[PDB]
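Structure below is my_file_6.tsv: TSV, C-alpha atoms and all ligand atoms.
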```tsv
chain	number	residue	atom	x	y	z
A	57	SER	CA	11.71	13.01	11.60
A	58	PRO	CA	8.32	11.39	10.96
A	59	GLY	CA	8.13	12.22	7.23
A	60	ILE	CA	11.47	10.71	6.15
A	61	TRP	CA	11.30	7.64	3.92
A	62	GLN	CA	14.15	5.80	2.22
A	63	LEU	CA	13.42	4.15	-1.14
A	64	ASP	CA	15.60	1.58	-2.92
A	65	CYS	CA	15.39	-1.35	-5.31
A	66	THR	CA	16.88	-4.77	-4.70
A	67	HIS	CA	17.07	-7.79	-7.00
A	68	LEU	CA	15.83	-11.36	-6.57
A	69	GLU	CA	14.95	-14.11	-9.06
A	70	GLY	CA	15.64	-11.75	-11.93
A	71	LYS	CA	12.96	-9.42	-10.54
A	72	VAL	CA	13.06	-5.98	-8.89
A	73	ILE	CA	11.72	-5.28	-5.40
A	74	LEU	CA	11.13	-1.63	-4.55
A	75	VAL	CA	11.64	-1.21	-0.79
A	76	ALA	CA	10.46	1.91	1.06
A	77	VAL	CA	11.54	2.19	4.70
A	78	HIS	CA	10.08	4.67	7.16
A	79	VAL	CA	13.43	5.55	8.70
A	80	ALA	CA	12.15	6.73	12.09
A	81	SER	CA	10.38	3.41	12.77
A	82	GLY	CA	11.82	0.74	10.46
A	83	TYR	CA	8.36	0.12	8.97
A	84	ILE	CA	8.50	-1.24	5.43
A	85	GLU	CA	6.40	-0.98	2.29
A	86	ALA	CA	7.65	-3.16	-0.56
A	87	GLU	CA	6.41	-4.25	-3.98
A	88	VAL	CA	7.65	-6.34	-6.89
A	89	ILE	CA	7.82	-4.12	-9.99
A	90	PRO	CA	8.26	-5.39	-13.58
A	91	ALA	CA	11.24	-3.14	-14.31
A	92	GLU	CA	13.49	-0.68	-12.47
A	93	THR	CA	12.07	2.35	-14.28
A	94	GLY	CA	11.27	5.91	-13.29
A	95	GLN	CA	7.60	5.35	-14.10
A	96	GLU	CA	7.38	2.53	-11.55
A	97	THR	CA	9.17	4.68	-8.96
A	98	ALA	CA	6.84	7.61	-9.66
A	99	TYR	CA	3.75	5.41	-9.36
A	100	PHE	CA	5.04	3.79	-6.16
A	101	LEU	CA	5.74	7.24	-4.70
A	102	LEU	CA	2.19	8.37	-5.51
A	103	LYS	CA	0.82	5.26	-3.78
A	104	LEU	CA	3.02	5.73	-0.71
A	105	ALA	CA	2.26	9.45	-0.36
A	106	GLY	CA	-1.48	8.78	-0.34
A	107	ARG	CA	-1.11	6.37	2.57
A	108	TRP	CA	1.52	8.08	4.77
A	109	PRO	CA	2.65	11.68	5.36
A	110	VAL	CA	5.65	11.50	3.02
A	111	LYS	CA	7.60	14.75	3.39
A	112	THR	CA	11.16	13.87	2.32
A	113	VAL	CA	12.58	10.86	0.49
A	114	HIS	CA	16.11	9.45	0.67
A	115	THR	CA	17.75	6.79	-1.47
A	116	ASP	CA	21.07	4.99	-1.85
A	117	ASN	CA	21.03	5.63	-5.63
A	118	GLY	CA	20.41	9.31	-6.34
A	119	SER	CA	19.98	8.72	-10.07
A	120	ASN	CA	16.72	6.92	-9.17
A	121	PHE	CA	15.15	10.37	-8.76
A	122	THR	CA	16.42	12.12	-11.91
A	123	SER	CA	13.42	10.97	-13.97
A	124	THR	CA	11.13	13.68	-15.30
A	125	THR	CA	8.19	11.47	-14.30
A	126	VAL	CA	9.59	10.92	-10.79
A	127	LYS	CA	10.11	14.65	-10.22
A	128	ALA	CA	6.52	15.30	-11.29
A	129	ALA	CA	5.11	12.74	-8.81
A	130	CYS	CA	7.16	14.33	-6.03
A	131	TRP	CA	6.04	17.75	-7.17
A	132	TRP	CA	2.39	16.70	-7.13
A	133	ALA	CA	2.55	15.00	-3.72
A	134	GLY	CA	4.60	17.81	-2.16
A	135	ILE	CA	7.65	15.58	-1.62
A	136	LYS	CA	11.14	17.01	-1.22
A	137	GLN	CA	14.48	15.23	-1.36
A	138	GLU	CA	16.01	14.48	2.04
A	153	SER	CA	20.76	-2.67	6.56
A	154	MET	CA	17.19	-3.66	5.69
A	155	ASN	CA	17.37	-5.17	2.19
A	156	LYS	CA	19.36	-7.97	3.83
A	157	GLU	CA	16.74	-8.42	6.56
A	158	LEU	CA	13.90	-8.43	4.03
A	159	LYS	CA	15.72	-10.89	1.77
A	160	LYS	CA	16.30	-13.12	4.81
A	161	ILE	CA	12.60	-13.21	5.69
A	162	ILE	CA	11.72	-13.70	2.01
A	163	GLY	CA	13.92	-16.81	1.93
A	164	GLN	CA	12.28	-18.19	5.07
A	165	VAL	CA	8.76	-17.88	3.63
A	166	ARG	CA	9.79	-18.37	-0.02
A	167	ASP	CA	8.40	-21.91	-0.16
A	168	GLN	CA	5.00	-20.81	1.19
A	169	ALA	CA	4.09	-19.23	-2.16
A	170	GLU	CA	4.56	-19.64	-5.89
A	171	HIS	CA	5.11	-16.00	-6.87
A	172	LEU	CA	7.95	-13.90	-5.49
A	173	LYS	CA	5.54	-10.98	-5.07
A	174	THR	CA	3.42	-13.03	-2.65
A	175	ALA	CA	6.48	-13.96	-0.58
A	176	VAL	CA	7.55	-10.30	-0.50
A	177	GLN	CA	4.20	-9.28	1.01
A	178	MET	CA	4.51	-12.12	3.53
A	179	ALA	CA	7.96	-10.85	4.52
A	180	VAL	CA	6.58	-7.31	4.77
A	181	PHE	CA	3.78	-8.58	7.02
A	182	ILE	CA	6.22	-10.47	9.23
A	183	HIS	CA	8.72	-7.60	9.43
A	184	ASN	CA	6.17	-4.90	10.27
A	185	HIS	CA	4.47	-7.00	12.99
A	186	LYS	CA	7.54	-8.68	14.52
A	187	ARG	CA	8.23	-7.22	17.97
A	193	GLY	CA	9.10	-4.00	22.77
A	194	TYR	CA	6.81	-2.77	20.00
A	195	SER	CA	6.70	-3.73	16.33
A	196	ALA	CA	7.62	-1.60	13.33
A	197	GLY	CA	3.95	-1.17	12.42
A	198	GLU	CA	3.14	-0.22	16.00
A	199	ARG	CA	5.72	2.52	16.38
A	200	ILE	CA	5.11	4.17	13.00
A	201	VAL	CA	1.48	4.90	13.88
A	202	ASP	CA	2.63	6.15	17.28
A	203	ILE	CA	5.28	8.40	15.71
A	204	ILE	CA	2.78	9.84	13.24
A	205	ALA	CA	0.08	10.19	15.92
A	206	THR	CA	2.20	12.07	18.47
A	207	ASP	CA	3.44	14.26	15.60
B	57	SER	CA	-13.61	-1.20	15.95
B	58	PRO	CA	-10.09	-0.37	14.74
B	59	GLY	CA	-9.51	-3.63	12.81
B	60	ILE	CA	-12.62	-3.53	10.60
B	61	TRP	CA	-12.04	-3.01	6.87
B	62	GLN	CA	-14.58	-3.11	4.06
B	63	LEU	CA	-13.39	-4.36	0.66
B	64	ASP	CA	-15.22	-3.97	-2.66
B	65	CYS	CA	-14.58	-3.66	-6.38
B	66	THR	CA	-15.96	-0.93	-8.60
B	67	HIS	CA	-15.73	-0.52	-12.38
B	68	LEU	CA	-14.38	2.32	-14.51
B	69	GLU	CA	-13.08	2.47	-18.10
B	70	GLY	CA	-13.54	-1.27	-18.43
B	71	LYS	CA	-11.17	-1.74	-15.49
B	72	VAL	CA	-11.63	-2.93	-11.90
B	73	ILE	CA	-10.74	-0.83	-8.85
B	74	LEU	CA	-10.43	-2.71	-5.57
B	75	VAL	CA	-11.39	-0.32	-2.76
B	76	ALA	CA	-10.59	-1.07	0.89
B	77	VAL	CA	-12.10	1.31	3.45
B	78	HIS	CA	-11.06	1.44	7.09
B	79	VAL	CA	-14.61	1.78	8.39
B	80	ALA	CA	-13.79	3.46	11.70
B	81	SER	CA	-11.95	6.34	9.98
B	82	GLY	CA	-12.97	6.44	6.30
B	83	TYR	CA	-9.34	5.97	5.24
B	84	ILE	CA	-9.00	4.35	1.82
B	85	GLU	CA	-6.57	2.01	0.12
B	86	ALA	CA	-7.37	1.40	-3.55
B	87	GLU	CA	-5.68	-0.25	-6.53
B	88	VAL	CA	-6.48	-0.98	-10.17
B	89	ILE	CA	-6.39	-4.75	-10.70
B	90	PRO	CA	-6.35	-6.48	-14.12
B	91	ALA	CA	-9.34	-8.71	-13.34
B	92	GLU	CA	-11.90	-9.20	-10.57
B	93	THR	CA	-10.44	-12.52	-9.45
B	94	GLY	CA	-9.94	-14.23	-6.12
B	95	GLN	CA	-6.17	-14.25	-6.64
B	96	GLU	CA	-6.11	-10.45	-6.92
B	97	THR	CA	-8.29	-10.15	-3.81
B	98	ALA	CA	-6.04	-12.56	-1.90
B	99	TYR	CA	-2.91	-10.67	-2.92
B	100	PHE	CA	-4.47	-7.31	-2.06
B	101	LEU	CA	-5.50	-8.68	1.35
B	102	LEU	CA	-1.95	-9.87	2.02
B	103	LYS	CA	-0.64	-6.40	1.12
B	104	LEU	CA	-3.19	-4.62	3.30
B	105	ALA	CA	-2.67	-6.90	6.31
B	106	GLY	CA	1.07	-6.24	6.27
B	107	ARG	CA	0.49	-2.49	6.48
B	108	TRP	CA	-2.46	-2.22	8.91
B	109	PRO	CA	-3.83	-4.33	11.78
B	110	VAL	CA	-6.53	-6.04	9.71
B	111	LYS	CA	-8.67	-8.12	12.08
B	112	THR	CA	-12.03	-8.46	10.29
B	113	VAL	CA	-13.08	-7.78	6.71
B	114	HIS	CA	-16.53	-6.85	5.40
B	115	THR	CA	-17.78	-6.63	1.83
B	116	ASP	CA	-20.93	-5.83	-0.11
B	117	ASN	CA	-20.49	-9.00	-2.22
B	118	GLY	CA	-19.98	-12.02	0.02
B	119	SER	CA	-19.09	-14.28	-2.90
B	120	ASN	CA	-15.87	-12.23	-3.20
B	121	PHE	CA	-14.53	-14.24	-0.25
B	122	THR	CA	-15.51	-17.78	-1.29
B	123	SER	CA	-12.24	-18.32	-3.18
B	124	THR	CA	-9.95	-21.03	-1.87
B	125	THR	CA	-7.04	-18.64	-2.43
B	126	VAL	CA	-8.80	-15.80	-0.60
B	127	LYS	CA	-9.58	-17.99	2.42
B	128	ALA	CA	-5.91	-19.03	2.57
B	129	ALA	CA	-4.69	-15.41	2.59
B	130	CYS	CA	-7.12	-14.61	5.39
B	131	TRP	CA	-6.04	-17.73	7.21
B	132	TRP	CA	-2.37	-16.80	6.90
B	133	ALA	CA	-2.84	-13.17	7.98
B	134	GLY	CA	-5.20	-14.09	10.83
B	135	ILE	CA	-8.17	-12.31	9.25
B	136	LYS	CA	-11.76	-13.18	10.15
B	137	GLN	CA	-14.96	-12.22	8.38
B	138	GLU	CA	-16.84	-9.33	9.98
B	153	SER	CA	-21.22	5.55	0.15
B	154	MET	CA	-17.53	5.78	-0.75
B	155	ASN	CA	-17.23	4.29	-4.25
B	156	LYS	CA	-19.26	7.31	-5.38
B	157	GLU	CA	-16.95	9.72	-3.54
B	158	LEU	CA	-13.84	8.04	-4.94
B	159	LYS	CA	-15.26	8.02	-8.47
B	160	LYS	CA	-16.08	11.72	-8.07
B	161	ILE	CA	-12.50	12.60	-7.10
B	162	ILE	CA	-11.18	10.33	-9.87
B	163	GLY	CA	-13.20	12.31	-12.42
B	164	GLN	CA	-11.87	15.61	-11.09
B	165	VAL	CA	-8.22	14.53	-11.44
B	166	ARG	CA	-8.80	12.19	-14.40
B	167	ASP	CA	-7.22	14.60	-16.89
B	168	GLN	CA	-4.06	14.99	-14.78
B	169	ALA	CA	-2.85	11.52	-15.82
B	170	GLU	CA	-2.87	9.09	-18.72
B	171	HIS	CA	-3.48	5.84	-16.83
B	172	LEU	CA	-6.56	5.24	-14.70
B	173	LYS	CA	-4.36	3.65	-12.03
B	174	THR	CA	-2.44	6.92	-11.61
B	175	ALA	CA	-5.67	8.90	-11.22
B	176	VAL	CA	-6.92	6.38	-8.64
B	177	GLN	CA	-3.82	6.93	-6.49
B	178	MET	CA	-4.28	10.69	-6.85
B	179	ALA	CA	-7.88	10.36	-5.67
B	180	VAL	CA	-6.72	8.16	-2.78
B	181	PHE	CA	-4.13	10.80	-1.84
B	182	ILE	CA	-6.72	13.58	-1.97
B	183	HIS	CA	-9.36	11.62	-0.06
B	184	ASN	CA	-7.07	10.49	2.76
B	185	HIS	CA	-5.59	13.98	3.30
B	186	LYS	CA	-8.73	16.10	2.78
B	187	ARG	CA	-9.89	17.54	6.11
B	193	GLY	CA	-11.46	18.74	11.61
B	194	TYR	CA	-8.94	16.00	10.87
B	195	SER	CA	-8.36	14.02	7.68
B	196	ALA	CA	-9.02	10.34	7.06
B	197	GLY	CA	-5.30	9.57	7.18
B	198	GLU	CA	-4.96	11.54	10.40
B	199	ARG	CA	-7.70	9.79	12.34
B	200	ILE	CA	-6.78	6.24	11.29
B	201	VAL	CA	-3.32	6.55	12.84
B	202	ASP	CA	-4.92	8.09	15.93
B	203	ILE	CA	-7.48	5.27	16.17
B	204	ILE	CA	-4.78	2.61	15.82
B	205	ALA	CA	-2.43	4.44	18.21
B	206	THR	CA	-4.93	4.87	21.06
B	207	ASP	CA	-5.93	1.23	20.54
C	1	LIG	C1	-0.92	-18.11	-7.29
C	1	LIG	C2	-1.53	-18.71	-6.03
C	1	LIG	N1	-2.35	-19.78	-6.15
C	1	LIG	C3	-2.92	-20.37	-5.15
C	1	LIG	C4	-2.71	-19.92	-3.79
C	1	LIG	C5	-3.52	-20.86	-3.13
C	1	LIG	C6	-3.67	-20.85	-1.60
C	1	LIG	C7	-4.16	-21.78	-3.76
C	1	LIG	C8	-5.07	-22.88	-3.20
C	1	LIG	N2	-3.83	-21.53	-5.04
C	1	LIG	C9	-4.31	-22.30	-6.18
C	1	LIG	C10	-3.40	-23.51	-6.40
C	1	LIG	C11	-2.09	-23.69	-5.89
C	1	LIG	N3	-1.62	-24.90	-6.32
C	1	LIG	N4	-2.62	-25.49	-7.11
C	1	LIG	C12	-2.54	-26.78	-7.77
C	1	LIG	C13	-3.71	-24.61	-7.15
C	1	LIG	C14	-1.90	-18.85	-3.60
C	1	LIG	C15	-1.66	-18.33	-2.19
C	1	LIG	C16	-0.49	-18.61	-1.49
C	1	LIG	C17	-0.31	-18.12	-0.21
C	1	LIG	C18	-1.30	-17.35	0.38
C	1	LIG	CL1	-1.10	-16.71	2.03
C	1	LIG	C19	-2.47	-17.07	-0.31
C	1	LIG	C20	-2.64	-17.56	-1.59
C	1	LIG	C21	-1.28	-18.19	-4.69
C	1	LIG	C22	-0.37	-16.98	-4.43
C	1	LIG	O1	-0.59	-15.92	-5.31
C	1	LIG	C23	-1.53	-14.94	-4.94
C	1	LIG	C24	-1.38	-13.77	-5.91
C	1	LIG	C25	-1.28	-14.47	-3.51
C	1	LIG	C26	-2.96	-15.47	-5.07
C	1	LIG	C27	1.08	-17.46	-4.55
C	1	LIG	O2	1.97	-16.69	-5.01
C	1	LIG	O3	1.37	-18.63	-4.19
C	2	LIG	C1	2.65	7.29	-17.94
C	2	LIG	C2	3.14	8.65	-17.44
C	2	LIG	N1	4.02	9.34	-18.20
C	2	LIG	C3	4.50	10.50	-17.88
C	2	LIG	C4	4.12	11.15	-16.65
C	2	LIG	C5	4.89	12.33	-16.78
C	2	LIG	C6	4.86	13.42	-15.71
C	2	LIG	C7	5.65	12.54	-17.80
C	2	LIG	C8	6.54	13.74	-18.10
C	2	LIG	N2	5.46	11.43	-18.53
C	2	LIG	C9	6.10	11.16	-19.81
C	2	LIG	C10	5.29	11.79	-20.94
C	2	LIG	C11	3.93	12.22	-20.87
C	2	LIG	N3	3.58	12.72	-22.09
C	2	LIG	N4	4.69	12.61	-22.94
C	2	LIG	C12	4.75	13.02	-24.33
C	2	LIG	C13	5.74	12.03	-22.21
C	2	LIG	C14	3.24	10.52	-15.84
C	2	LIG	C15	2.81	11.16	-14.52
C	2	LIG	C16	1.58	11.81	-14.39
C	2	LIG	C17	1.23	12.38	-13.17
C	2	LIG	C18	2.11	12.32	-12.10
C	2	LIG	CL1	1.68	13.06	-10.54
C	2	LIG	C19	3.33	11.69	-12.24
C	2	LIG	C20	3.68	11.11	-13.45
C	2	LIG	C21	2.72	9.25	-16.18
C	2	LIG	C22	1.72	8.55	-15.24
C	2	LIG	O1	1.99	7.19	-15.04
C	2	LIG	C23	2.83	6.83	-13.98
C	2	LIG	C24	2.74	5.32	-13.81
C	2	LIG	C25	2.40	7.53	-12.69
C	2	LIG	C26	4.29	7.18	-14.28
C	2	LIG	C27	0.32	8.72	-15.83
C	2	LIG	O2	-0.54	7.82	-15.68
C	2	LIG	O3	0.05	9.77	-16.46
```
Full structure transcribed into structure tokens:
Amino acid sequence: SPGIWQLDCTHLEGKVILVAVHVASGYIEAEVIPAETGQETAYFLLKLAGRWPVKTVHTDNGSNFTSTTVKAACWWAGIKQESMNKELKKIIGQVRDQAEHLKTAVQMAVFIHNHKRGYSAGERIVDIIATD
Amino acid sequence: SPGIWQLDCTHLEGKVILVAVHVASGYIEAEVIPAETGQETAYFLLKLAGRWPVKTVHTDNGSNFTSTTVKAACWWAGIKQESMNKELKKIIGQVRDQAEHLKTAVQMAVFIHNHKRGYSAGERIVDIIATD
């Protein structure tokens, strides 16, 4: 289904990477957040929902979504409740030297992942959303 | 052309909002940045390029792109060099009370703008990129 996203946090260099995967296409949005808090998840959800038709959200840690602030963001954006962290960490390690900050390398790995091809993840998400 | 984005900063509450507009569709990405620096523009460009096919970038302030760090981000993402800030500020003011932080209100205004309809800005950008 075109509106299903999976959201999770992973850890690297003592920092937290919030990874959102459009399940139907494998397309990734990811950001380095200062702490693994409900406020950061709520804000990230608001950002994501403004850029993509986010209908339902899955996670591998259901307690991520128990926050009063997270439920309000979902409420406001009309969101209901519905590996890749290894692939993203692999690309991060490949490009890790190309940048000082981990957050820069994360965006590089997101770029590479979404455009790597026989279409790419970025190519088939816009097709999925367009046809639907 | 589907790869043309316009990037600018605007000011509100002593803070800086970086606004990127997909010119062909009117679709907006916007973030609150701590300062109007080349590093923040470079990082924002890296984020944008990983999510959309960014080919060329325009701006209303050409000195935004003179930074050595900005030119490197463009170089790495394959980017070449090619109102709405009033409409975004208007929506921000409408939803300004719904949130404490300006950055939250910005994302709300982005959400509203991209999904307001007779298609919406978010709808026609994915169509433009899909057909192309
Ligand atoms: C912190 C930083 N400083 C930078 C650059 C660059 C290219 C230069 C010249 N400088 C100044 C410098 C470096 N060494 N010296 C002695 C001076 C980059 C960078 C790295 C890769 C890309 Cl594609 C684009 C920019 C970054 C990146 O941070 C962002 C937030 C992305 C700006 C990062 O995380 O590496
Ligand atoms: C800072 C903040 N705290 C919040 C919320 C909510 C809903 C609650 C309950 N709290 C705790 C609270 C508030 N008052 N009291 C006494 C305790 C929100 C919020 C506002 C709008 C949406 Cl859709 C979603 C969340 C935010 C937003 O920040 C982000 C970064 C988005 C979390 C913001 O900028 O308002």
Write out as a ChimeraX atom specification each polymer residue (protein, DNA or RNA) that has an atom no more than 9 Å from ligand LIG 2 (chain C), with all atoms listed in the file counted.
/A:94-102,123-133 /B:167-175,177-178
Interatomic distance (Å, one decimal) between atom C7 of ligand LIG 1 (chain C) and CA of residue 176 in chain A:
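Pair atom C7 of ligand LIG 1 (chain C) / CA of residue 176 in chain A returns 16.7 Å.
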Show me, as a PDB file with C-alpha atoms, keeping the file's coordinate frame, the residues of chain A whose atoms get within 8 Å of chain B, using all atoms listed in the file for the distance check.
```
ATOM      1  CA  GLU A  85       6.400  -0.980   2.290  1.00  0.00           C
ATOM      2  CA  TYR A  99       3.750   5.410  -9.360  1.00  0.00           C
ATOM      3  CA  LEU A 102       2.190   8.370  -5.510  1.00  0.00           C
ATOM      4  CA  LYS A 103       0.820   5.260  -3.780  1.00  0.00           C
ATOM      5  CA  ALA A 105       2.260   9.450  -0.360  1.00  0.00           C
ATOM      6  CA  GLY A 106      -1.480   8.780  -0.340  1.00  0.00           C
ATOM      7  CA  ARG A 107      -1.110   6.370   2.570  1.00  0.00           C
ATOM      8  CA  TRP A 108       1.520   8.080   4.770  1.00  0.00           C
ATOM      9  CA  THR A 174       3.420 -13.030  -2.650  1.00  0.00           C
ATOM     10  CA  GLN A 177       4.200  -9.280   1.010  1.00  0.00           C
ATOM     11  CA  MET A 178       4.510 -12.120   3.530  1.00  0.00           C
ATOM     12  CA  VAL A 180       6.580  -7.310   4.770  1.00  0.00           C
ATOM     13  CA  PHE A 181       3.780  -8.580   7.020  1.00  0.00           C
ATOM     14  CA  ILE A 182       6.220 -10.470   9.230  1.00  0.00           C
ATOM     15  CA  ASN A 184       6.170  -4.900  10.270  1.00  0.00           C
ATOM     16  CA  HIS A 185       4.470  -7.000  12.990  1.00  0.00           C
ATOM     17  CA  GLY A 197       3.950  -1.170  12.420  1.00  0.00           C
ATOM     18  CA  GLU A 198       3.140  -0.220  16.000  1.00  0.00           C
ATOM     19  CA  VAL A 201       1.480   4.900  13.880  1.00  0.00           C
ATOM     20  CA  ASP A 202       2.630   6.150  17.280  1.00  0.00           C
ATOM     21  CA  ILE A 204       2.780   9.840  13.240  1.00  0.00           C
ATOM     22  CA  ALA A 205       0.080  10.190  15.920  1.00  0.00           C
TER      23      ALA A 205
END
```
What is the CA of residue 118 in chain B to CA of residue 62 in chain B distance in Å?
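Those two atoms sit 11.2 Å apart.
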Could you jot down the atom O3 of ligand LIG 1 (chain C) to CA of residue 160 in chain A separation for me, Å, one decimal place?
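Atom-to-atom, atom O3 of ligand LIG 1 (chain C) and CA of residue 160 in chain A are spaced 18.3 Å apart.
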List the neighbours of residue 64 in chain B out to 8 Å using all atoms listed in the file; skip same-chain residues closer than 6 positions along the sequence, and give me the result as a list in words.
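Neighbouring residues, sequence-local ones excluded: residues 74, 75, 76, 115, 116 and 117 of chain B.
Minimum atom-to-atom distances from B:153, B:120, B:195, B:93 to ligand LIG 1 (chain C) were compared using only C-alpha atoms and all ligand atoms, and the lowest value belongs to B:93.
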Of the residues B:162, B:154, B:135, B:80, which is the one nearest to ligand LIG 1 (chain C), using all atoms listed in the file?
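Using all atoms listed in the file, ligand LIG 1 (chain C) sits closest to B:135.
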I'd like to know which of B:89, B:79, B:158, B:165 is closest to ligand LIG 1 (chain C), using all atoms listed in the file.
B:89
Ranking A:66, A:112, A:122, A:57 by minimum distance to residue 157 in chain A and counting only C-alpha atoms, which one comes first?
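The shortest atom-to-atom distance to residue 157 in chain A comes from A:66.
Residue nearest residue 61 in chain A within the list A:73, A:92, A:166, A:114: A:114 [criterion: smallest interatomic distance, all atoms listed in the file].
Minimum atom-to-atom distance to ligand LIG 1 (chain C), evaluated using only C-alpha atoms and all ligand atoms, belongs to B:134 out of B:88, B:186, B:134, B:163.
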Restore N, CA and C atoms in range 113-124 of chain A and list the result as a PDB file, in the frame of the given file.
```
ATOM      1  N   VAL A 113      12.244  12.198   0.956  1.00  0.00           N
ATOM      2  CA  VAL A 113      12.580  10.860   0.490  1.00  0.00           C
ATOM      3  C   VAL A 113      14.085  10.776   0.283  1.00  0.00           C
ATOM      4  N   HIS A 114      14.701   9.753   0.866  1.00  0.00           N
ATOM      5  CA  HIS A 114      16.110   9.450   0.670  1.00  0.00           C
ATOM      6  C   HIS A 114      16.240   8.184  -0.169  1.00  0.00           C
ATOM      7  N   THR A 115      17.445   7.973  -0.693  1.00  0.00           N
ATOM      8  CA  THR A 115      17.750   6.790  -1.470  1.00  0.00           C
ATOM      9  C   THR A 115      19.256   6.552  -1.420  1.00  0.00           C
ATOM     10  N   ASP A 116      19.655   5.318  -1.714  1.00  0.00           N
ATOM     11  CA  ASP A 116      21.070   4.990  -1.850  1.00  0.00           C
ATOM     12  C   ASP A 116      21.554   5.119  -3.291  1.00  0.00           C
ATOM     13  N   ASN A 117      20.664   5.416  -4.235  1.00  0.00           N
ATOM     14  CA  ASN A 117      21.030   5.630  -5.630  1.00  0.00           C
ATOM     15  C   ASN A 117      20.321   6.890  -6.111  1.00  0.00           C
ATOM     16  N   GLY A 118      21.017   8.028  -6.035  1.00  0.00           N
ATOM     17  CA  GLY A 118      20.410   9.310  -6.340  1.00  0.00           C
ATOM     18  C   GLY A 118      19.910   9.441  -7.765  1.00  0.00           C
ATOM     19  N   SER A 119      20.486   8.687  -8.703  1.00  0.00           N
ATOM     20  CA  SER A 119      19.980   8.720 -10.070  1.00  0.00           C
ATOM     21  C   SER A 119      18.604   8.079 -10.207  1.00  0.00           C
ATOM     22  N   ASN A 120      18.108   7.396  -9.167  1.00  0.00           N
ATOM     23  CA  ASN A 120      16.720   6.920  -9.170  1.00  0.00           C
ATOM     24  C   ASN A 120      15.739   8.069  -9.356  1.00  0.00           C
ATOM     25  N   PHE A 121      16.080   9.258  -8.861  1.00  0.00           N
ATOM     26  CA  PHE A 121      15.150  10.370  -8.760  1.00  0.00           C
ATOM     27  C   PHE A 121      15.366  11.436  -9.828  1.00  0.00           C
ATOM     28  N   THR A 122      16.172  11.148 -10.850  1.00  0.00           N
ATOM     29  CA  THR A 122      16.420  12.120 -11.910  1.00  0.00           C
ATOM     30  C   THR A 122      15.348  12.104 -12.986  1.00  0.00           C
ATOM     31  N   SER A 123      14.465  11.108 -12.965  1.00  0.00           N
ATOM     32  CA  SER A 123      13.420  10.970 -13.970  1.00  0.00           C
ATOM     33  C   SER A 123      12.484  12.170 -13.973  1.00  0.00           C
ATOM     34  N   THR A 124      12.121  12.612 -15.177  1.00  0.00           N
ATOM     35  CA  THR A 124      11.130  13.680 -15.300  1.00  0.00           C
ATOM     36  C   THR A 124       9.798  13.242 -14.698  1.00  0.00           C
TER      37      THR A 124
END
```
